[PDB]
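Asker: One file is attached below, model15.txt, containing compact mmCIF, C-alpha atoms and all ligand atoms.
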# COMPACT_ATOMS: atom_id res chain seq x y z
CA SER A 3 9.92 33.71 -6.08
CA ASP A 4 10.82 31.02 -8.62
CA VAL A 5 8.72 28.00 -9.39
CA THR A 6 10.89 25.20 -10.74
CA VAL A 7 9.11 22.58 -12.81
CA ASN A 8 11.23 19.50 -13.49
CA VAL A 9 9.85 17.72 -16.56
CA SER A 10 11.93 14.60 -15.84
CA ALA A 11 11.04 14.09 -12.19
CA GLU A 12 8.01 11.90 -12.83
CA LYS A 13 5.58 11.13 -9.99
CA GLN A 14 2.19 9.35 -9.92
CA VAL A 15 0.26 8.54 -13.10
CA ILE A 16 -3.18 10.22 -13.13
CA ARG A 17 -6.34 8.17 -13.77
CA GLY A 18 -8.72 11.12 -13.51
CA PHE A 19 -11.28 13.18 -11.62
CA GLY A 20 -15.01 12.98 -11.17
CA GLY A 21 -17.92 12.43 -8.85
CA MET A 22 -20.70 10.18 -7.67
CA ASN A 23 -24.07 9.36 -9.18
CA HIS A 24 -26.81 8.04 -6.90
CA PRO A 25 -30.28 7.93 -8.48
CA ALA A 26 -31.88 6.48 -5.33
CA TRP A 27 -30.51 9.06 -2.87
CA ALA A 28 -29.90 12.06 -5.14
CA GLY A 29 -31.84 11.41 -8.34
CA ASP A 30 -30.17 10.24 -11.55
CA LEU A 31 -28.56 12.83 -13.82
CA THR A 32 -30.66 13.99 -16.76
CA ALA A 33 -29.41 13.42 -20.32
CA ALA A 34 -28.21 17.04 -20.54
CA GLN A 35 -26.48 16.82 -17.15
CA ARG A 36 -24.54 13.75 -18.35
CA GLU A 37 -23.20 15.85 -21.20
CA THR A 38 -22.14 18.58 -18.77
CA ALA A 39 -20.45 16.08 -16.46
CA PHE A 40 -18.46 13.97 -18.89
CA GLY A 41 -18.10 16.05 -22.04
CA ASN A 42 -14.93 18.12 -22.19
CA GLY A 43 -16.38 20.92 -24.31
CA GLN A 44 -16.87 24.56 -23.33
CA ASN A 45 -19.13 24.82 -20.22
CA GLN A 46 -18.58 21.14 -19.41
CA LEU A 47 -16.67 19.49 -16.56
CA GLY A 48 -14.64 16.82 -18.44
CA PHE A 49 -14.92 14.40 -15.54
CA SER A 50 -13.01 11.26 -16.46
CA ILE A 51 -14.24 9.08 -13.56
CA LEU A 52 -17.71 8.10 -12.39
CA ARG A 53 -18.53 6.43 -9.10
CA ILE A 54 -21.78 4.50 -8.72
CA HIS A 55 -23.06 2.33 -5.89
CA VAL A 56 -23.62 -1.42 -5.72
CA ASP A 57 -27.15 -1.73 -4.40
CA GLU A 58 -27.79 -4.50 -1.86
CA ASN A 59 -30.87 -5.44 -3.88
CA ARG A 60 -30.18 -6.58 -7.48
CA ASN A 61 -33.62 -5.43 -8.65
CA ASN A 62 -32.29 -1.86 -8.27
CA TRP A 63 -29.12 -2.41 -10.30
CA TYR A 64 -30.78 -1.43 -13.62
CA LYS A 65 -31.15 2.19 -12.36
CA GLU A 66 -27.40 2.85 -12.70
CA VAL A 67 -27.10 1.94 -16.38
CA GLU A 68 -28.06 5.01 -18.47
CA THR A 69 -25.68 7.37 -16.64
CA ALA A 70 -22.87 4.78 -16.56
CA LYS A 71 -23.30 4.13 -20.29
CA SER A 72 -23.06 7.87 -20.87
CA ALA A 73 -19.79 8.16 -18.97
CA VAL A 74 -18.21 5.32 -20.97
CA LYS A 75 -19.41 6.83 -24.23
CA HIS A 76 -17.34 9.92 -23.21
CA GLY A 77 -14.27 7.90 -22.18
CA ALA A 78 -14.79 8.04 -18.44
CA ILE A 79 -13.98 4.96 -16.40
CA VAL A 80 -16.62 3.67 -13.98
CA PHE A 81 -16.17 2.08 -10.58
CA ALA A 82 -18.52 1.00 -7.88
CA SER A 83 -18.80 1.00 -4.08
CA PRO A 84 -21.07 -1.17 -1.87
CA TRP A 85 -22.66 0.24 1.31
CA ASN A 86 -24.44 -2.96 2.48
CA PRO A 87 -24.51 -6.65 1.56
CA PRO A 88 -27.97 -8.04 0.77
CA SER A 89 -29.81 -8.15 4.16
CA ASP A 90 -29.84 -11.98 4.38
CA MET A 91 -26.01 -11.79 4.62
CA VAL A 92 -25.98 -9.28 7.46
CA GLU A 93 -26.20 -9.87 11.22
CA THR A 94 -26.31 -7.48 14.15
CA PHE A 95 -23.69 -7.75 16.89
CA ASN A 96 -22.47 -5.98 20.00
CA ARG A 97 -19.94 -3.38 18.93
CA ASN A 98 -18.59 -1.78 22.17
CA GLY A 99 -22.11 -1.48 23.67
CA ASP A 100 -23.91 -0.68 20.42
CA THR A 101 -26.12 -3.68 19.62
CA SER A 102 -27.66 -2.21 16.42
CA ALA A 103 -24.21 -2.65 14.75
CA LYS A 104 -24.38 -4.52 11.44
CA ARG A 105 -21.72 -6.83 9.90
CA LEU A 106 -21.36 -9.43 7.13
CA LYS A 107 -21.83 -12.94 8.50
CA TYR A 108 -18.52 -14.81 8.82
CA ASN A 109 -20.02 -17.65 6.78
CA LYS A 110 -21.26 -15.32 4.01
CA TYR A 111 -17.93 -13.97 2.63
CA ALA A 112 -17.94 -16.19 -0.46
CA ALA A 113 -21.61 -15.32 -1.06
CA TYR A 114 -20.88 -11.60 -0.86
CA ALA A 115 -17.92 -11.96 -3.23
CA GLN A 116 -20.46 -13.54 -5.59
CA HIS A 117 -22.90 -10.67 -5.01
CA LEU A 118 -20.21 -8.17 -6.08
CA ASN A 119 -19.29 -10.35 -9.05
CA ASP A 120 -22.91 -10.51 -10.09
CA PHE A 121 -22.92 -6.70 -10.27
CA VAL A 122 -19.80 -6.62 -12.44
CA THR A 123 -21.41 -9.20 -14.75
CA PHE A 124 -24.72 -7.31 -14.76
CA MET A 125 -23.04 -4.01 -15.67
CA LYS A 126 -21.10 -5.77 -18.45
CA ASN A 127 -24.32 -7.09 -20.06
CA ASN A 128 -25.41 -3.46 -20.36
CA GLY A 129 -22.23 -2.32 -22.06
CA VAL A 130 -20.34 -1.02 -19.02
CA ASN A 131 -16.98 -2.63 -18.23
CA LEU A 132 -16.69 -1.58 -14.62
CA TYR A 133 -13.08 -0.48 -14.07
CA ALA A 134 -13.14 -1.48 -10.40
CA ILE A 135 -15.33 -2.50 -7.48
CA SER A 136 -14.89 -1.76 -3.79
CA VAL A 137 -15.14 -4.15 -0.82
CA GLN A 138 -17.10 -1.73 1.44
CA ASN A 139 -17.71 1.99 1.67
CA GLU A 140 -16.35 3.42 4.94
CA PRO A 141 -16.24 0.18 7.02
CA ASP A 142 -14.66 2.13 9.90
CA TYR A 143 -17.57 4.62 10.10
CA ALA A 144 -20.56 2.42 9.38
CA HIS A 145 -23.11 3.68 11.97
CA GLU A 146 -25.75 3.69 9.22
CA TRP A 147 -24.42 0.69 7.23
CA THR A 148 -22.06 -2.33 7.55
CA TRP A 149 -19.06 -2.33 9.92
CA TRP A 150 -15.81 -4.22 9.25
CA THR A 151 -12.83 -4.43 11.56
CA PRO A 152 -9.32 -4.31 10.07
CA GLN A 153 -9.12 -8.08 10.67
CA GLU A 154 -12.42 -8.78 8.93
CA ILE A 155 -11.22 -6.74 5.95
CA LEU A 156 -7.92 -8.65 5.93
CA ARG A 157 -9.65 -12.03 5.90
CA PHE A 158 -11.83 -11.03 2.95
CA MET A 159 -8.81 -9.65 1.05
CA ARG A 160 -6.80 -12.83 1.72
CA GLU A 161 -9.58 -15.28 0.92
CA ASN A 162 -12.32 -13.78 -1.26
CA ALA A 163 -11.18 -10.70 -3.20
CA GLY A 164 -9.22 -12.92 -5.59
CA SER A 165 -12.47 -14.46 -6.79
CA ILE A 166 -13.77 -11.08 -7.94
CA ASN A 167 -13.62 -10.71 -11.74
CA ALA A 168 -12.42 -7.05 -11.57
CA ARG A 169 -9.99 -4.62 -10.00
CA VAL A 170 -10.68 -4.52 -6.29
CA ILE A 171 -10.61 -1.30 -4.26
CA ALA A 172 -9.98 -1.49 -0.50
CA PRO A 173 -10.53 -0.38 2.30
CA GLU A 174 -12.15 3.09 1.84
CA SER A 175 -11.62 4.41 5.40
CA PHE A 176 -13.63 7.60 5.94
CA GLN A 177 -10.51 9.46 7.14
CA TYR A 178 -7.52 7.57 5.70
CA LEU A 179 -6.90 5.89 9.05
CA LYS A 180 -3.82 3.79 8.30
CA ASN A 181 -4.86 1.09 10.80
CA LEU A 182 -7.52 -0.07 8.38
CA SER A 183 -5.05 -0.49 5.55
CA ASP A 184 -1.78 -1.45 7.33
CA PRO A 185 -2.88 -5.09 7.81
CA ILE A 186 -3.39 -5.57 4.01
CA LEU A 187 -0.10 -3.90 3.04
CA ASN A 188 1.64 -6.12 5.56
CA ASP A 189 0.22 -9.34 4.12
CA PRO A 190 1.59 -10.59 0.78
CA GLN A 191 -1.51 -12.62 0.01
CA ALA A 192 -4.01 -9.83 0.77
CA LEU A 193 -1.84 -7.26 -0.96
CA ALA A 194 -1.85 -9.48 -4.07
CA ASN A 195 -5.66 -9.26 -4.31
CA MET A 196 -5.80 -5.50 -3.91
CA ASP A 197 -5.44 -3.46 -7.09
CA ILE A 198 -6.34 -0.04 -5.74
CA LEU A 199 -5.91 1.28 -2.23
CA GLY A 200 -8.91 3.53 -1.80
CA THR A 201 -9.65 6.13 0.86
CA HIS A 202 -11.75 9.08 1.83
CA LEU A 203 -10.37 12.21 3.47
CA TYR A 204 -13.16 13.50 5.80
CA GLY A 205 -11.31 15.50 8.48
CA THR A 206 -7.90 14.26 7.36
CA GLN A 207 -5.13 16.74 8.18
CA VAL A 208 -2.52 17.33 5.48
CA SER A 209 0.17 15.75 7.75
CA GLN A 210 -1.72 12.45 7.42
CA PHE A 211 -1.79 12.61 3.60
CA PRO A 212 1.56 10.84 3.10
CA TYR A 213 1.63 7.06 3.57
CA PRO A 214 5.19 5.71 4.03
CA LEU A 215 4.06 2.08 4.26
CA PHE A 216 2.29 2.36 0.91
CA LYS A 217 5.47 3.79 -0.64
CA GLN A 218 7.34 0.84 0.76
CA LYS A 219 5.02 -2.06 -0.04
CA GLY A 220 2.59 -0.72 -2.68
CA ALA A 221 4.58 -1.06 -5.93
CA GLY A 222 2.16 -1.74 -8.83
CA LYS A 223 -0.83 -0.64 -6.76
CA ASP A 224 -3.05 2.38 -7.52
CA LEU A 225 -3.82 4.97 -4.87
CA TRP A 226 -7.26 6.55 -5.16
CA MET A 227 -9.22 9.22 -3.32
CA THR A 228 -12.72 7.76 -3.85
CA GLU A 229 -14.99 10.23 -2.02
CA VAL A 230 -15.03 13.74 -0.55
CA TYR A 231 -16.74 17.09 -0.29
CA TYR A 232 -14.73 20.06 0.90
CA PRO A 233 -14.66 22.30 2.78
CA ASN A 234 -18.29 21.59 3.77
CA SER A 235 -21.78 20.56 2.67
CA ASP A 236 -23.45 23.87 3.56
CA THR A 237 -26.69 24.35 1.64
CA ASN A 238 -26.10 26.55 -1.45
CA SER A 239 -22.37 26.99 -0.65
CA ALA A 240 -21.23 25.99 -4.14
CA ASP A 241 -20.86 29.56 -5.41
CA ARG A 242 -19.32 31.17 -2.31
CA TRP A 243 -16.02 32.89 -3.17
CA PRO A 244 -13.13 32.73 -2.07
CA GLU A 245 -14.51 29.65 -0.28
CA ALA A 246 -14.62 27.56 -3.54
CA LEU A 247 -10.85 28.03 -3.82
CA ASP A 248 -10.58 25.52 -0.98
CA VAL A 249 -11.61 22.84 -3.48
CA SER A 250 -8.63 23.26 -5.72
CA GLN A 251 -6.31 23.56 -2.72
CA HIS A 252 -7.63 20.28 -1.44
CA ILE A 253 -7.00 18.62 -4.83
CA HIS A 254 -3.58 20.24 -4.78
CA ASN A 255 -2.86 18.52 -1.47
CA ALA A 256 -4.21 15.15 -2.65
CA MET A 257 -1.96 15.25 -5.72
CA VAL A 258 1.06 16.76 -4.13
CA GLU A 259 1.05 15.34 -0.61
CA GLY A 260 -1.09 12.23 -0.94
CA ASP A 261 0.27 11.27 -4.35
CA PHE A 262 -3.29 10.25 -5.27
CA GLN A 263 -4.10 9.13 -8.76
CA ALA A 264 -7.80 9.76 -8.62
CA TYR A 265 -9.91 12.42 -6.94
CA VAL A 266 -13.62 11.64 -6.72
CA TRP A 267 -16.27 13.97 -5.33
CA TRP A 268 -19.52 12.98 -3.71
CA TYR A 269 -22.79 13.79 -5.52
CA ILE A 270 -22.00 15.43 -8.84
CA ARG A 271 -25.22 17.51 -8.74
CA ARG A 272 -25.92 19.30 -5.43
CA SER A 273 -26.24 22.77 -3.92
CA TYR A 274 -22.70 22.25 -2.59
CA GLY A 275 -21.38 20.19 -5.53
CA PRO A 276 -19.52 20.80 -8.80
CA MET A 277 -22.88 20.93 -10.54
CA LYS A 278 -25.70 23.09 -9.25
CA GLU A 279 -29.35 21.97 -9.25
CA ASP A 280 -30.15 24.08 -12.33
CA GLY A 281 -27.50 21.95 -14.10
CA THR A 282 -24.85 24.69 -14.39
CA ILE A 283 -21.32 24.55 -13.07
CA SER A 284 -20.69 25.99 -9.61
CA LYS A 285 -17.58 27.83 -8.47
CA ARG A 286 -16.61 24.57 -6.76
CA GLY A 287 -17.09 22.91 -10.16
CA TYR A 288 -14.77 25.26 -12.00
CA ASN A 289 -12.16 24.64 -9.28
CA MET A 290 -12.32 20.92 -10.10
CA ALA A 291 -12.34 21.73 -13.85
CA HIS A 292 -8.96 23.43 -13.49
CA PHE A 293 -7.70 19.91 -12.99
CA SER A 294 -10.24 17.67 -14.68
CA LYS A 295 -10.42 19.45 -18.01
CA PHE A 296 -6.66 19.61 -18.53
CA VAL A 297 -5.12 16.73 -16.58
CA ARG A 298 -6.41 13.93 -18.73
CA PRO A 299 -6.16 10.17 -17.88
CA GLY A 300 -2.61 9.08 -18.66
CA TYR A 301 -0.96 12.35 -17.66
CA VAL A 302 1.83 12.12 -15.10
CA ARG A 303 2.46 14.41 -12.18
CA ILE A 304 5.91 15.98 -12.27
CA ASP A 305 7.98 17.73 -9.61
CA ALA A 306 7.25 21.42 -9.16
CA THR A 307 7.84 23.88 -6.34
CA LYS A 308 4.65 23.22 -4.40
CA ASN A 309 4.31 26.38 -2.36
CA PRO A 310 6.65 29.17 -3.58
CA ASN A 311 4.84 32.09 -1.82
CA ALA A 312 2.43 32.46 1.07
CA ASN A 313 -0.92 31.11 -0.07
CA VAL A 314 0.35 30.30 -3.54
CA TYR A 315 0.11 26.61 -4.38
CA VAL A 316 1.55 24.96 -7.50
CA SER A 317 1.39 21.49 -9.10
CA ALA A 318 2.49 20.28 -12.55
CA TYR A 319 1.71 17.37 -14.89
CA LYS A 320 2.91 16.21 -18.29
CA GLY A 321 1.13 14.28 -21.01
CA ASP A 322 0.26 14.41 -24.71
CA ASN A 323 3.22 16.80 -25.37
CA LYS A 324 1.97 19.37 -22.89
CA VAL A 325 2.99 20.47 -19.46
CA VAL A 326 0.04 21.50 -17.31
CA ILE A 327 0.59 23.79 -14.35
CA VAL A 328 -2.13 24.60 -11.82
CA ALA A 329 -1.38 27.75 -9.79
CA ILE A 330 -3.67 28.68 -6.92
CA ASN A 331 -3.36 32.12 -5.31
CA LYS A 332 -5.27 32.14 -2.07
CA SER A 333 -4.10 35.53 -0.90
CA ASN A 334 -5.75 38.93 -1.22
CA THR A 335 -2.86 40.15 -3.34
CA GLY A 336 -1.78 39.50 -6.92
CA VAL A 337 1.65 37.90 -7.15
CA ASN A 338 4.03 37.72 -10.05
CA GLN A 339 5.34 34.18 -10.39
CA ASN A 340 8.32 33.05 -12.45
CA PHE A 341 8.09 29.51 -13.83
CA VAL A 342 11.29 27.71 -14.78
CA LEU A 343 11.23 24.52 -16.88
CA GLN A 344 14.06 22.08 -16.23
CA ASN A 345 15.03 19.18 -18.56
CA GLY A 346 12.63 20.47 -21.20
CA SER A 347 12.06 23.39 -23.54
CA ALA A 348 8.81 25.04 -24.61
CA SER A 349 7.28 27.86 -26.68
CA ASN A 350 3.72 29.12 -26.22
CA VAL A 351 1.66 29.13 -23.00
CA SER A 352 -2.15 29.32 -22.79
CA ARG A 353 -4.20 29.73 -19.60
CA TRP A 354 -7.60 29.91 -18.01
CA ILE A 355 -8.46 31.76 -14.81
CA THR A 356 -11.15 31.47 -12.21
CA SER A 357 -11.86 34.28 -9.77
CA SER A 358 -14.72 36.10 -7.98
CA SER A 359 -15.96 37.47 -11.28
CA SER A 360 -14.88 34.97 -13.98
CA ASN A 361 -15.11 31.23 -14.77
CA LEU A 362 -12.35 29.36 -16.64
CA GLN A 363 -11.72 32.44 -18.65
CA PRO A 364 -8.89 32.64 -21.19
CA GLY A 365 -6.03 34.90 -20.25
CA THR A 366 -3.50 36.39 -22.58
CA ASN A 367 -1.04 33.95 -24.14
CA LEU A 368 2.54 34.04 -22.86
CA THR A 369 5.80 33.01 -24.48
CA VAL A 370 8.81 31.15 -23.08
CA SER A 371 12.10 33.06 -22.73
CA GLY A 372 14.73 30.32 -22.74
CA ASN A 373 13.48 28.02 -20.01
CA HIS A 374 11.03 30.29 -18.22
CA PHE A 375 8.05 32.65 -18.22
CA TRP A 376 6.54 35.21 -15.84
CA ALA A 377 2.84 35.21 -15.11
CA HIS A 378 0.72 37.27 -12.82
CA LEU A 379 -1.49 35.34 -10.42
CA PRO A 380 -4.56 37.44 -9.64
CA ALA A 381 -5.71 37.72 -6.03
CA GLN A 382 -7.98 34.87 -4.87
CA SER A 383 -7.56 33.07 -8.20
CA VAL A 384 -6.84 29.66 -9.74
CA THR A 385 -5.00 29.50 -13.06
CA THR A 386 -4.22 26.52 -15.25
CA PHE A 387 -1.34 27.01 -17.67
CA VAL A 388 -1.03 24.76 -20.70
CA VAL A 389 2.51 24.72 -22.05
CA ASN A 390 3.33 23.40 -25.53
CA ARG A 391 6.57 21.54 -26.17
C1 LIG A 401 -26.56 18.38 3.85
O1 LIG A 401 -26.88 16.98 3.69
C2 LIG A 401 -25.79 16.20 3.08
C3 LIG A 401 -24.84 15.49 4.10
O2 LIG A 401 -24.06 16.46 4.82
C4 LIG A 401 -23.89 14.46 3.42
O3 LIG A 401 -23.11 13.76 4.39
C5 LIG A 401 -24.67 13.45 2.57
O4 LIG A 401 -25.47 12.56 3.40
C6 LIG A 401 -25.96 11.40 2.65
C7 LIG A 401 -25.37 10.17 3.36
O5 LIG A 401 -24.11 10.16 2.68
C8 LIG A 401 -22.95 9.83 3.42
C9 LIG A 401 -22.14 11.12 3.51
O6 LIG A 401 -20.93 10.90 4.22
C10 LIG A 401 -20.04 10.03 3.48
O7 LIG A 401 -18.89 9.85 4.30
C11 LIG A 401 -20.67 8.65 3.20
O8 LIG A 401 -19.86 7.89 2.30
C12 LIG A 401 -22.09 8.81 2.63
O9 LIG A 401 -22.74 7.53 2.56
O10 LIG A 401 -26.02 8.88 3.07
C13 LIG A 401 -27.49 8.90 3.11
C14 LIG A 401 -27.99 9.90 2.06
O11 LIG A 401 -29.41 9.81 1.97
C15 LIG A 401 -27.50 11.34 2.38
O12 LIG A 401 -27.82 12.19 1.27
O13 LIG A 401 -25.45 14.19 1.58
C16 LIG A 401 -26.43 15.14 2.15
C17 LIG A 401 -27.26 15.72 0.99
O14 LIG A 401 -28.32 15.13 0.70
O15 LIG A 401 -26.83 16.73 0.38
Could you render the structure as structure tokens?
Ligand SMILES: CO[C@H]1[C@H](O)[C@@H](O)[C@@H](O[C@H]2[C@H](O[C@@H]3CO[C@@H](O)[C@H](O)[C@H]3O)OC[C@@H](O)[C@@H]2O)O[C@@H]1C(=O)O

Answerer:
Amino acid sequence: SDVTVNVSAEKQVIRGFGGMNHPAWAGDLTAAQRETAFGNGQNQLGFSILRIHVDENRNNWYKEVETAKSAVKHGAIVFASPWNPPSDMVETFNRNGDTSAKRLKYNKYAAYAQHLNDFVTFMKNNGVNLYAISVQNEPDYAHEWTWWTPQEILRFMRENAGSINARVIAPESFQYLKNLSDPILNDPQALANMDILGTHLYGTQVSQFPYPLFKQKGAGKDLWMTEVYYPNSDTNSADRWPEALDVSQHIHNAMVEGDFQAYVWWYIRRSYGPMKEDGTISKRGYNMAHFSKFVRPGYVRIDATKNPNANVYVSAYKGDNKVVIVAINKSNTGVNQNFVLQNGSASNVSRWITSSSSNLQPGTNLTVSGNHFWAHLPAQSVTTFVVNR
């Protein structure tokens, strides 16, 4: 059919795409791997965001620095997520019959705010201006870390988040369970101390991607997808095709349905991650690259016919005089797609394709006839068009 791309219907502003680094749990990236992750050259990922963790023990903080420095050097922004407070701030409690359940002590909130602040300060003294810090990773799924109820999160956002010398991300539900975030959005004071609503999407159905309340109360707030792997963490799955195509479809849904402004993967380097263990880019990686390499920080999502044929998914962005279109064909049949540009005129179109047999591989240039151009979308393929204005 037709894909209409309206250059004037502006949507969310994009902050970027990236992944996690965890030297303790995964092993720090090597110098070469840092180039592959944050460089936007040929055979590199052009990740524009790096997540790192706030260790509960300050003596471990130093381990995050080299990789974080590297990301900044390349223009990536860095943010951080805590799993646990320092142990002296944590108590056990009876959570519905589970007595091993950990939480932050009600009289330790201020001290934990200071812990987080110390990390910001520490990172600064090593030449990393942390873009943002989180309150707690997955407080509603904390079997192996620190639990917070919605009300405990609220109290901290009302009373302590304001003392944090950085942008504050909250609440980082594992599944984008609105009940964890509703209380904040419904409280002027807590809302005021939140700069980024953060979430994960483990098991989240596409119908739960929209967030009406956020649209209603969240003016001036960022909306970030701070952790995921998809569609699984199967050992050595990173190269499986057409499986990898799920990655770009997921990002498509985050951008188009969730209106997210950041998409952050889990471990950058892993047998199921964007980067393989030999330090090369996986098929999952190239699926991310179709966004990360072209949709730079600052770009804006624009309205575009999201799903103009069965298994064909489209999203568009504008920035730096270009329109970027990402077209995912998940079917077993090549389709010819017609792309119409409204409220804007263009000339030349470049493109890169990823399929069973190729990675981000240049296609033939195409030219705009009036306000449109035809392009063929190979079977089980992702294409990124770059349109010059
Ligand atoms: C195949 O093993 C991988 C696991 O499937 C994967 O969950 C991850 O496990 C981590 C664990 O990470 C949590 C993953 O779920 C997220 O919701 C949550 O935010 C994470 O904290 O934390 C302990 C760590 O030692 C494990 O590595 O990664 C596994 C892997 O090593 O590949």

Asker: Enter the distance from atom CA of residue A:295 to atom CA of residue A:225, in Å, rounded to one decimal.

Answerer: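 Taking atom CA of residue A:295 as the start and atom CA of residue A:225 as the end point, the length is 20.6 Å.
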
Asker: Counting all atoms listed in the file, which residues in chain A sit no more than 8 Å from ligand LIG 401 (chain A)? For each one, give the nearest pair of atoms and the distance in Å, sorted by chain then residue number, as JSON lines.

Answerer:
{"residue": "A:27", "atom": "CA", "partner": "A:LIG401", "partner_atom": "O11", "distance": 5.0}
{"residue": "A:28", "atom": "CA", "partner": "A:LIG401", "partner_atom": "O12", "distance": 6.7}
{"residue": "A:85", "atom": "CA", "partner": "A:LIG401", "partner_atom": "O9", "distance": 7.4}
{"residue": "A:139", "atom": "CA", "partner": "A:LIG401", "partner_atom": "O8", "distance": 6.3}
{"residue": "A:140", "atom": "CA", "partner": "A:LIG401", "partner_atom": "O8", "distance": 6.3}
{"residue": "A:143", "atom": "CA", "partner": "A:LIG401", "partner_atom": "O7", "distance": 7.9}
{"residue": "A:176", "atom": "CA", "partner": "A:LIG401", "partner_atom": "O7", "distance": 6.0}
{"residue": "A:202", "atom": "CA", "partner": "A:LIG401", "partner_atom": "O7", "distance": 7.6}
{"residue": "A:204", "atom": "CA", "partner": "A:LIG401", "partner_atom": "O7", "distance": 7.0}
{"residue": "A:229", "atom": "CA", "partner": "A:LIG401", "partner_atom": "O8", "distance": 6.9}
{"residue": "A:230", "atom": "CA", "partner": "A:LIG401", "partner_atom": "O7", "distance": 7.3}
{"residue": "A:234", "atom": "CA", "partner": "A:LIG401", "partner_atom": "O2", "distance": 7.8}
{"residue": "A:235", "atom": "CA", "partner": "A:LIG401", "partner_atom": "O2", "distance": 5.2}
{"residue": "A:236", "atom": "CA", "partner": "A:LIG401", "partner_atom": "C1", "distance": 6.3}
{"residue": "A:237", "atom": "CA", "partner": "A:LIG401", "partner_atom": "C1", "distance": 6.4}
{"residue": "A:268", "atom": "CA", "partner": "A:LIG401", "partner_atom": "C10", "distance": 7.8}
{"residue": "A:269", "atom": "CA", "partner": "A:LIG401", "partner_atom": "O13", "distance": 7.6}
{"residue": "A:272", "atom": "CA", "partner": "A:LIG401", "partner_atom": "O15", "distance": 6.4}
{"residue": "A:273", "atom": "CA", "partner": "A:LIG401", "partner_atom": "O15", "distance": 7.4}
{"residue": "A:274", "atom": "CA", "partner": "A:LIG401", "partner_atom": "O15", "distance": 7.5}

Asker: Using all atoms listed in the file, which residue out of A:8, A:62, A:69, A:228 lies closest to residue A:203?

Answerer: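 Looking only at the distances to residue A:203, the closest residue turns out to be A:228.
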
Asker: Choose the residue, out of A:119, A:313, A:263, A:10, that has the smallest atom-to-atom separation from residue A:298; count all atoms listed in the file.

Answerer: A:263

Asker: How many Å lie between atom CA of residue A:19 and atom CA of residue A:307, rounded to one decimal?

Answerer: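 About the pair atom CA of residue A:19 and atom CA of residue A:307: they are 22.5 Å apart.
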
Asker: In Å, how far is it from atom CA of residue A:117 to atom CA of residue A:267?

Answerer: 25.5 Å

Asker: Residues within 8 Å of (-22.5, 19.6, -10.1), file coordinates, counting all atoms listed in the file: what are they? Give the list as a ChimeraX atom specification.

Answerer: /A:39,269-279,281-284,287

Asker: If you count all atoms listed in the file, which residues fall within 12 Å of residue A:116, apart from same-chain ones fewer than 3 positions away, as number ranges by chain?

Answerer: A: 87-88, 91, 110-113, 119-124, 137, 162-168

Asker: Can you check which parts of stretch 271-315 of chain A lie within 10 Å of stretch 12-16 of chain A? Per residue, the shortest pair of atoms and distance in Å to one decimal, counting all atoms listed in the file, sorted by chain and number, as a tab-separated table.

Answerer:
residue	atom	partner	partner_atom	distance
A:297	CA	A:16	CA	7.6
A:298	CA	A:16	CA	7.5
A:299	CA	A:16	CA	5.6
A:300	CA	A:16	CA	5.7
A:301	CA	A:16	CA	5.5
A:302	CA	A:15	CA	4.4
A:303	CA	A:13	CA	5.0
A:304	CA	A:12	CA	4.6
A:305	CA	A:12	CA	6.7

Asker: Pick the closest to residue A:286 from A:368, A:26, A:329, A:384: which is it, counting only C-alpha atoms?

Answerer: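 Checking each of A:368, A:26, A:329, A:384 against residue A:286, counting only C-alpha atoms, the winner is A:384.
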
Asker: Which is closest to residue A:34 among A:280, A:169, A:104, A:136, if we use all atoms listed in the file?

Answerer: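 Of the candidates, the smallest distance to residue A:34 is held by A:280.
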
Asker: Around (-9.1, -9.6, -1.8) in the file's own coordinates, what residues are found within 10 Å if you use only C-alpha atoms, given back as a list in words?

Answerer: residues 115, 136, 137, 155, 156, 157, 158, 159, 160, 161, 162, 163, 164, 165, 166, 169, 170, 171, 172, 186, 191, 192, 193, 194, 195, 196 and 197 of chain A

Asker: Show which residues sit within 8 Å of residue A:150, as a ChimeraX atom specification. Count all atoms listed in the file, and ignore same-chain residues fewer than 6 positions away.

Answerer: /A:105-106,141-142

Asker: Residues of the last selection are to be written out with C-alpha atoms, as a compact mmCIF listing (two decimals), in the coordinates of the input.

Answerer:
# COMPACT_ATOMS: atom_id res chain seq x y z
CA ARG A 105 -21.72 -6.83 9.90
CA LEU A 106 -21.36 -9.43 7.13
CA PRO A 141 -16.24 0.18 7.02
CA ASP A 142 -14.66 2.13 9.90

Asker: Which of these residues is nearest to residue A:97, using all atoms listed in the file: A:360, A:151, A:251, A:61?

Answerer: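 Closest residue, counting all atoms listed in the file: A:151.
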
Asker: Need to verify the contact set: residue A:312, 9 Å, all atoms listed in the file, exclusion of same-chain residues closer than 4 positions in sequence. Can you return it as number ranges by chain?

Answerer: A: 331-333
